[PDB]
Structure formats: structure tokens, C-alpha cells
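Chain by chain, the residues:
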Amino acid sequence: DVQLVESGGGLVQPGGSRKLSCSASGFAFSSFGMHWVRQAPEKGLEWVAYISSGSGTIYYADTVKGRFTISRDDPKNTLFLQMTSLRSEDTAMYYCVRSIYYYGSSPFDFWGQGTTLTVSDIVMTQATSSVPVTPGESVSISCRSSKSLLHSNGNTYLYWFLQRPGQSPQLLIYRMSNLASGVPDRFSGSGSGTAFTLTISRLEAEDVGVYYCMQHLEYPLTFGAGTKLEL
Amino acid sequence: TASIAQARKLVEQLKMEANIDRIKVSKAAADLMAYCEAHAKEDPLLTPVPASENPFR
Amino acid sequence: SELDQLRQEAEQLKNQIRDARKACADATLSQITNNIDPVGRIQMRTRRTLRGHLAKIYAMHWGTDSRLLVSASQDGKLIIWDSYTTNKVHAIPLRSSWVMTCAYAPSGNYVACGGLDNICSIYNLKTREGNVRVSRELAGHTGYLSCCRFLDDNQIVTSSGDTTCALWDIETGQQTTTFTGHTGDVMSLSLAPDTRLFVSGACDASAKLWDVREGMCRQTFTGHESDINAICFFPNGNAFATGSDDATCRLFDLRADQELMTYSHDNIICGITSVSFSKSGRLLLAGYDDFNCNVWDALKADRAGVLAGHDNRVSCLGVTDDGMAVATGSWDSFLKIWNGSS
Amino acid sequence: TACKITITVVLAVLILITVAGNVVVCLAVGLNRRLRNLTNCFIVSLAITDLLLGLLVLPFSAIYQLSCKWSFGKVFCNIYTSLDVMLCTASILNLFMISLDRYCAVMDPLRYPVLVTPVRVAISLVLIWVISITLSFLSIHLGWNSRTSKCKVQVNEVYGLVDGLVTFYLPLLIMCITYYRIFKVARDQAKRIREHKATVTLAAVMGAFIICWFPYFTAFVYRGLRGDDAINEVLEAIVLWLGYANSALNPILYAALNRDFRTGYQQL
Amino acid sequence: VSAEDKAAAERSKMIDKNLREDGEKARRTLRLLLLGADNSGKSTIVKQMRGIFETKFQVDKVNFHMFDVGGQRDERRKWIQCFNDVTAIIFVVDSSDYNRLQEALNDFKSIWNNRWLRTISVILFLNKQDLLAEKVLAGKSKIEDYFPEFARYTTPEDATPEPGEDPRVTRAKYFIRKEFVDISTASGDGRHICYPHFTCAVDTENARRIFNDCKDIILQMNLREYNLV
Ligand SMILES: CC(C)CCC[C@@H](C)[C@H]1CC[C@H]2[C@@H]3CC=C4C[C@@H](O)CC[C@]4(C)[C@H]3CC[C@]12C
Ligand SMILES: NCCc1c[nH]cn1
């Protein structure tokens, strides 16, 4: 099965250096682009870096550019993240995310379990922080963007993720309407221009969690604050 | 007895084809002409679309 | 004695069918469509050129989204193209490089191909591993695979050079139905829009209409003088057109059970490789050995235009489901996308 | 006055043919996709070089010969002479590389794709221009060829031998040897299987090269050794324009005598 | 273009990089098509040198790839179009069996006069010469029975028989060869040339004869484009 295991995290001194590794098994690693996404404790998701398939294209977030270096070893199916000058702002759980890009592909489909590091731009808005829900009732989640995510090619590069408590985020809706593989049909993504809605018909216990909307129109990739579902 | 067995099968097949109902060629021609006329407007190759509606600009 | 008597009855039955067809040949399609105005001159430009194949392209098939297409070449490579951007979506290395046909599943999840290896290989395009893998190898034909078409994700029809067509269950790998009756190599097949019937053209210069569920030949269409290389159903399913090596295209009617129109020109002396209809069926596009593609008026048998953009044989062509564009593949290793402009 | 007009027409036709002839070769490879092969790489380089000669050197040479005075600046004359030396030396060395290209095609036809790999074509093209630039710009600007209305190329005893032998006489010796071995192989095949088909084509290719360039380099070496006044003024003009006339025949000998190019013209 | 389109375009460019790398290795090999009958013994020729059966052998740093299509029926007029770009066709016949020689001659005529084989030379092999020599020496079966023109055929003076060969063998062996060459010279207008040869089941020079003949086939193409022939 598809697996992404992170290692190398731990408590480090401020200003130090640490090397994070992401070992991939069960899929063609060299065919997938790879992202690092971190999540500060009791905070939302934050994109860190991206390396393309073939290592030809590399992108960094502004808050980490110049200090972090991302690299991959295709024969060993290992993804690396070399970090330097680590600050207290870098204390987060770092997730290894695979993403392949072709017509009709589903980027960000699989996330790793993550490794914990402790140190001693389109704006995506999710105003509703929490929503009280009951099973069997329809729920709608709203997302907003500072810029229109609808491109001239007809795609609207909006993504929906679900992070259940204790679990890594999982892709639900990619490009604002398509349903990810392995996701029940009750989830539906609807949007237009800058306003987007995620409708969850017949809510169940498994659906409880935090929902993030991400834009992929341009780099750096930015996440919404997140909407939490509670019973 | 391979040839005699094949002959029976070939004769039996020709019986099925000879018992079908055939409409007039004029009736068949009209249906083909009607279908082309009815769907003429929605044929981009017959009537090229404006460049704004052409995915292959 | 018995053999001589039986073969005489076949000749009597053939005369009975010929008289029956002549009885219903009250008028000609040319007379019916004389009054209608011509389509004019059809001008199509090469919008896209698909480069990357390093050998003769032998087959292509559009996906149902009218944007993705799969092409087969004898460099041992199956390529899936994004026609809007000319991006290569996939490159499938073939175990046998002598591929002659390829098909795109209507769902878009599978592609099929096969050639002189006598095998129809099914490739899964949607895997969790991110690569295309062989899902099935359909063995059972004793000749080369000439054409294949999906009915759904589990059923596919193949025509072979062993004079037979077969219907396959992909999940079990067994041919549920075998279609026999052609005396020559079957070179092509076309599915009816409702996928209840399909026509096949063989090298016995005859076209047979087969029932998929029942598994027998319903009607036989003759009139060509040489091997049939191409066949295509009319968009409404009540007719089909064939292309042969005698430089002619003929329009046969299912219900009238006879030929309705011939599409030939005195300058054309080369064989025909591929035929297709426009979305409304008013245009018949045919690929030729003389490096050109001639667009015919289906109703009036007039050459509406010429697609001249290849330096070698036009081996295959196909029109999208929405009718927006036509793709032509050629032995010069290039694919071209054509449509007109206002 | 009538002779001046007559000579002007002759020069105008020669310039027009050279420019128009090499445009067709450039367009034939440009328009035809099948002609964009490594076998025609040298012919394109030859056609490009001769087109520049017909635009940057020939129009100015015609003015200088007709008016018998160099109205342009003295500094520009040095660049004009350097361009004339660079383009003509490259054009001569282009023909030398074509003979070597054909020599491997005929003598060792099985191993031709590995002995004429496109890496070696790129290196040879670079070395042609490096030698062409060195003998044209560096030699003139540094006074290597040094002994106001005259803008003729200056030459000394040492420079005449170096330029004459390396640019023309050494390639001529090899090309005669190379094209003679090819002639033996072509004749042998015909005897086993027109009998003079290889004779006419090879004589026309070698005949034009020798006719157009041998008298010039013979006079060029003689002029350097015996001074600039040894060569008659009328004679010096004849041999100078024979070398220019070669660029009008290269589109005919190496393109119009090719199977693909003749059919390529029909596609245009 | 969007951020995903740029990544898709980069994926497309990586595919083209691997297409050229895989496609570059196939340009250095020469493609050969092996044809014949069941009794032709073409399997012995390839085995000695060594749906589709392939064989790769090297002769002086030159790679040959010979394809034998043994999974198809007799009607090859359709799938022969696939082998339109092969350098040579290695047609093998059995000389000993005079009964099927006319079938081989009829078979060779279809291949030579094929519409899609107008520029493909044929490296003709007449296999099993030792069996033919014994058959002629015995005299039980005479070629005149099947070929009436053999009785009126005389050995040309230009012929150069191998040492230790009876004159009777040379007259019969060259008559069979003349039948095939007469078909070759009848048509083609010099576009392609047949290269007849005589081999046996124990001959080990089959690879070299193909090497020399393939050199002539390629050489004629180079001379043709240079207008030297
Ligand atoms: C294709 C070949 C035959 C073209 C040859 C062109 C020759 C014959 C023509 C073209 C340019 C002409 C020269 C132009 C100028 C002069 C200067 C004049 O004071 C003497 C005649 C002379 C020297 C001409 C001699 C003949 C000439 C060299
Ligand atoms: N017109 C030819 C000039 C030249 C080149 N090389 C020597 N002289």
C-alpha cells in the first residue's frame, strides 16, 4: 500500500540544524512531485516547500526561504528537508505530501503521518472556526479567497482537506468540484469565483474533524484557518 | 466430411439474411438526410464555431 | 450429390437476396439529395502537431471527453495526449512493438492495444501507484489484432486476421462470444452508438453486421472489389461507410441492406486507410495512401475539401465526440489536429 | 558607358542568382520537415554562408568595381575585406567537409551513422568558423597580411603560402583523392548492375570548384610573392569574381542535384 | 498558464527526454525480415547464426535484428505493410524439393512485386544444397519433369562453380537460381536488387553473407541520393 513515513524530528536548540527524511514505499516515487507542509500546535496548515518530479523545479515559502533546503533521492525513494537556523516559530509537525500533475490528476492525494519538531500571497479565509453538528444533518462549510481562483483555462484551483483528530489530513475535493478517490459521494464541493462551499450530506461520526481549504492557483500555496466540526 | 458440414452452415446463414424486412431506399435515404439536417447546426466541422468557442485556437 | 445440391441452393438464395434488394431499390440517394445545397468548401487548418513518436503511427482513438487521445506507434510506445496543450499525459512502453490498433475506453480508465503478437493488452490508467500497468492480456486469437473497441470497462470487441471477431470479458480474460463467417482477414470494426451491434470489414471485400448479445451475423454487405481497410458507423446507427484498397468509399444502409452511395474520384488511385463521420454525419473524412485526407459530402458524394498536412501515409484518423476537431495520424510519426475557422 | 551598363547587368544577375539560389535551399530545408536531417546540415551551412556572401560582400564589391573608387571609410574597408575572407574561406571549407561526409557514406556505409554522429558535425562547423575568423579578422587587424581608393586584400610572401595552401590547395588535394575513390566505387556498382551518370555529376561538382577557385588562389599566391602590381588589373578582376561565382553554383550542384530537394520543391 | 499547467508541462518534457533515450538505441540496429515456408529451413539458418520471433546477432560491431513472423496464416498481404522500413528481406527456399519450387517461385513473385515492398531488397537464400546435390546425383527425380525449360538450359561460361562440384550439379543449381533472378529483373526498374545465395544446414557463413549484402543495399541508397547511380 502507499506509505509515507517521516523521521528525524525531535527537540533541537534554537539556531541549530536538523535533517528530515521521508521514505516512500508502494508507489512510483520518481513520478510524483513532493511537498512539505507543517502544522504548528493548535494552528492550521502551512506550506513549506515543493520539489517537482525530476528535481527540476523547487519552490519555498517566504518564511523559510534561504534557511530550508529540500532534496530527494530517487533510487532510494527518500525525500529530504535540510533545515538551518531553526527558530521557535518553526516548532510544528512536518507532513510529507505527494502530488502528481497531469490533466485530471489529483494532487495532494496522500499525506504522511508526520514528524514532530520542537525548538527550545492569496489569503484564504474560513471565518467560521467551529460548527456544532448532529449526525444525519446537512452541513455547509464556506471558504473565501482574496483573488479569484478561476483560471482562464476553466479550472478553479481550490482544494478541500479533512484532518481527523490524531490523523493526517486527507484530500476530499480537488479543483473545487472533483471527488477524491476513496471519498464517499456524500461530500460535494461547490464554488464560484472567490466564494466556495463544501456540502456534507448525512454527516457521520467519521466526518468529525478540521476542514481546510487550499488554493493551488499560484505559489506559495496557502491554507485557510480551518473549520472544526464537533458533536 | 468437412466440406459438407461447412456447406450446411453457409446455407443456413443465407436463410437468416434472406428473411429480414427491408425498407425502401428512398425511405432509408430520407432518414439519413433528415438526421444530417436536424443536427447540422451542432456540427463544428460543418459550420466552424467562433474563435472564442474553439478550444484549438 | 448432397454437396452439389446444397451449393446450388446457396446460389438460389443469393439470387433471392439480390432480387429482394433490387425490389426495394426504388430510388437512389443521389436523386434524393440532388435538391439540397452543397456544403461548400471545407477549409481546415492544423491547430496542433503532436510530436514525440519516433516511428510510424498506426492507430489513434479519442477519449469521450473530446480532449484526451491515445496513439500507437511501432516504436513500442503508447502515448496519451492532452490535445489542448499538446502535453504528453502518459507514455506506455509496449511489450510487443508491432502494434496495429489502439482503443480508449469511454470511461477513460483503460486503454487497449495489440498487433502481430495476437494479444489485446489492457492498461489501467488510474492506479494508486501513479503509473500505467498491464491489467489484462487477452489471448485466444490465432492471427494479428487489427482493431479493438471498448463497450465498457469490462467488455471489449476485437477483430483479428484469423478471419474472426471476438467479444471479451476483461475481468475473466475469456472470450464470451466468437464471431465467425468472414473468409478473409478482418481489418477493422465499428461499434453502433447503442453498442448493441457492430460492423466489421474484412479482406473478402464484404462487411458483416453482427449482434453483440446474440453473437451471429445479421446482414452481409458486398460491393467492394478489394480488401476493406476501414469502417465507420453513421452517427444515428442506421448506416455505415467503408474504405477499401480500390480507392472507393461506399455507404451501406442497415435497413435497406444494400449500398447507397459510392465516394470515388478519377484522380484517386490509392488505397483508403481510415474513414470517419462528422458529428452530424454530413461530412465523410477518409485517409488515403497518397498522403492526403479527403473530406467528402456524405449525402451528395462531392469532395468538399482536402487535408494535406502529412509527408507519408495517413494511417488513421478520428473525430471527437463533440465534433469540434479531427485528428490524423500518419507514418511520418506526427499527429495533427484539424478544424475550421469562421 | 555601354560596357559599364553591360557589366552592371552581369554583376546584377550574378548577385541576384546567388541570393535567390541560396534562399531556395534555405527555404527547402525550412519548409520540408523530412529535409531537416543531419545529411543536409552542411548544405544548409553552405547555403547560409553563400547567402551572406551575396548580401554583405557582393553588393559592395559590385559598387567598388564599377565606380573604381572606395567611397566608404577606410576603417570600413578593413571590415569589408575581413568579411570577404571569412565567408569565402568558410564556403571553401564547407565543400571540403561535404566531400569527407560523402566519403564515409560511400566507403563505409554500414558505420556511417557512428562516424558522422551529429556531435562531430557541430565540432567541424565550429572549427570551420574558427579558422575562417582567424585568417580574416585577426590577420587583417593585426597586420599579418600587410605588405586610398583601393580596398583590395593585402598579402605578403608568408601569408600567401599559409592562406593559399590551408584554405584551398590542401583541401583540393584531399577532395580530388576523396572524389576519385568515390568515382571508382560508383563505377564498379554500375558495371555490375546511365554508365556515365557518376562521371557527369562528379565532374560538374569538381569542375566548378576548380574553375572558380584555382585561378584566384594561383594569382593570390603569385600576387603576394611578386608584389601587388605583378598581376594585371583586368586579370585580377576576373579571378576575384570567379570565386564569387562559385556561390551561385552551390545551390545547383549540391541542392538541385539531390533527390530530396527536387521533390521538396514540389511540396513548396 | 497556471501552477498546475506548468508542472504538467514539466512532466511532458520529462517524457520526451525518456522517449529520445529509448528511441536512440533502436536507430543503430538494422531490421531484417525472415520469410520462407515450413520446409524452407529458415529456422536452421537463424539458429546457426544465433506471434513474432526475434533474433539479434553482431557482425563486426554491427547489430542486426531479424524478425520471423511464425504466428500468422498464409495470407500475408496485409501485415507485410508493417515491415515497410526494413533494410532487407531474407527469403529462404528449399532447393531439393522440386515439387514446391513453383510454389516458392509464385511466393517470391508476390513478395517482389508487392506494393509496399518496392524499395526493399531481398537477400535470397536457396537452402539445403547438399540434399539437392545428392538428389540430382541419384537421378530418381529430374527437374525436366517439373520444369521443361531445364532440358534446353546450358550452363553459362561466365559461371564459376565451386571446386569439387560435378558439372551436372552446376547446370541444375544455376537453373534454379536463374528462375528467381528472372523474376527480380522483370520488375522493379532498378529500385531494389535480389542477392541470391546457396547455403546448407551446416554452413556457418550465413551471417557474413547478410553483412556483405546489407552493405551493398545501404551503399546503393547513398549513391542513389548523391545521383551517382
Ligand atoms: C557561372 C560563371 C560562368 C559566372 C562567371 C561570371 C564572369 C564571366 C563575369 C561576372 C563578373 C564579370 C567581371 C565584372 C567586371 C570586370 C572588370 C572589367 O574591367 C573587366 C571585365 C570584368 C573582369 C568582368 C569579367 C567577366 C565576369 C567575371
Ligand atoms: N574573394 C576571396 C577572398 C579570399 C579568401 N581567402 C583568400 N582570399
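- Method of determination, as given in the entry header: cryo-EM; reported resolution: 2.97 Å.

**Points about the pairing of strand β5 (residues 45–51) of chain A**
Residue and element names in this part refer to chain A.
Step number 1: With six of seven residues buried, β5 lies mostly within the body of the structure.
Step number 2: Pairing geometry for strand β4 (residues 33–39) and β5, over six bridges, is antiparallel. Pairing of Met34 across the sheet is with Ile51, part of β5.
Step number 3: Adjacent in sequence and paired antiparallel, β4 and β5 are bridged by five residues, among which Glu42 carries a positive phi angle near 55°.
Step number 4: Across three bridges, the pairing between β5 and strand β6 (residues 58–60) is antiparallel.

**A short note on the interface of chain C and chain E**
Step number 1: In this complex, chain C contributes 34 residues to the contact, which on the side of chain E involves 29 residues.
Step number 2: Of all elements in the fold, only β4 (77–82) and β5 (87–93) of chain C reach the threshold of two or more residues within the side of chain C that touches chain E.
Step number 3: Here the side of chain C that touches chain E takes five residues from β5 of chain C, the largest share from any one element.
Step number 4: Grouping the constituent residues of the side of chain C that touches chain E by class yields 12 nonpolar, 12 polar and 10 charged.

**Some remarks on the sheet that holds strand β13 (residues 174–179) of chain C**
Residue and element names in this part refer to chain C.
Step number 1: Strand order across the open sheet formed by four strands is β10-β11-β12-β13, with antiparallel pairing between neighbours. Edge positions in the sheet fall to β10 (145–150) and β13, since each of these pairs with one other strand and no more. Strand-to-strand, the axes of this sheet are offset by a mean angle of 25°, without reference to chain direction.
Step number 2: Examined bridge by bridge, strand β11 (residues 155–160) and strand β12 (residues 165–169) share five bridges and lie antiparallel to one another. Looking at β12, one finds that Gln155 is bridged to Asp169.

**Remarks on the site of ligand 1**
All names here are of chain D.
Step number 1: As a matter of local geometry, ligand 1 sits amid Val10, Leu11, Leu14, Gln65, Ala237, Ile238, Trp241 and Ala245.
Step number 2: Protein contacts shield 54% of the accessible area of ligand 1, which totals 610 Å² for the unbound molecule.
Step number 3: Among the elements of the structure, α1 (2–31) and α8 (233–253) are those that each provide at least two residues to the shell around ligand 1.
Step number 4: Tallying contributions element by element places α8 first for the shell around ligand 1, with four residues.

**Quick word on helix α7 (residues 197–226) of chain D**
Residue and element names in this part refer to chain D.
Step number 1: Compared with an ideal rise of 1.5 Å per residue, which puts 30 residues at 44 Å, α7 spans 43 Å between its outermost C-alpha atoms and is within 8% of the ideal.
Step number 2: Most pronounced at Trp213, the bend in α7 amounts to some 30°, and the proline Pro215 follows within four residues.
Step number 3: Where α7 ends, the next residue or the one after it, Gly227, has phi of about 85°, a positive value.

**Observations concerning the site of ligand 2**
Residue and element names in this part refer to chain D.
Step number 1: The environment of ligand 2 is made up of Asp84, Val85, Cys88, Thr89, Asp163, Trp213, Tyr216, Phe217, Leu240 and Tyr244.
Step number 2: Separating a nitrogen atom of ligand 2 from a side-chain N or O atom of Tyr216 is a distance of 3.3 Å.
Step number 3: If ligand 2 stood free it would expose 260 Å²; the protein chains cover 99% of that surface.
Step number 4: Here the element with the most residues in the shell around ligand 2 is helix α3 (residues 74–107); it accounts for four residues.
Step number 5: Grouping the amino acids of the shell around ligand 2 by side-chain chemistry returns seven nonpolar, one polar and two charged.

**What about the state of the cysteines?**
Step number 1: What the rule picks out here adds up to three disulfides over all chains.
Step number 2: Residue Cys143 of chain A pairs covalently with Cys213 of chain A via a disulfide, S to S 2.0 Å. Measuring handedness by torsion sign, the sulfur bridge of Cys143 of chain A and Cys213 of chain A sits at about 80° and is right-handed. Here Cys143 of chain A, found in strand β14 (residues 139–145), pairs with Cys213 of chain A, found in strand β20 (residues 210–215); they are 70 residues apart in sequence, far enough to count as distant. For the pair formed by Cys143 of chain A and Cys213 of chain A, the shared burial category is buried.
Step number 3: In this model, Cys77 of chain D is linked to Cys151 of chain D through a disulfide, with the two sulfur atoms separated by 2.0 Å.

Definitions and limits used
- Residues numbered from 1 in each chain as written, not as in the entry; some residues may be left out.
- Chains lettered and ligands numbered in written order.
- Heavy atoms only, no water.
- Residues with missing side-chain atoms left out of burial classes, pairs and counts.
- Buried < 20%, exposed > 50% of the residue type's maximum accessible area, 1.4 Å probe, protein only.
- Helix = DSSP H or I, 4+ residues; strand = E, 2+ residues; numbered from the N terminus.
- Pairing = 2+ DSSP bridges.
- Contact = heavy atoms within 4.5 Å.
- Nonpolar A, V, L, I, M, F, W, Y, C, P; charged D, E, K, R; others polar.
- Axes fitted to C-alpha atoms, helices over the stretch in contact; angles between N-to-C directions.
- Near = heavy atom within 4 Å.
- Areas by Shrake-Rupley, 256 points an atom, 1.4 Å probe, with all protein chains shown as cover.
- Expected span 1.5 Å × (residues − 1).
- Bend = angle between axes of the 7 residues up to and from the residue.
- Polar contact = N/O pair within 3.5 Å; in protein donor to acceptor, adjacent residues only side chain to side chain.
- Disulfide = S-S within 2.5 Å.

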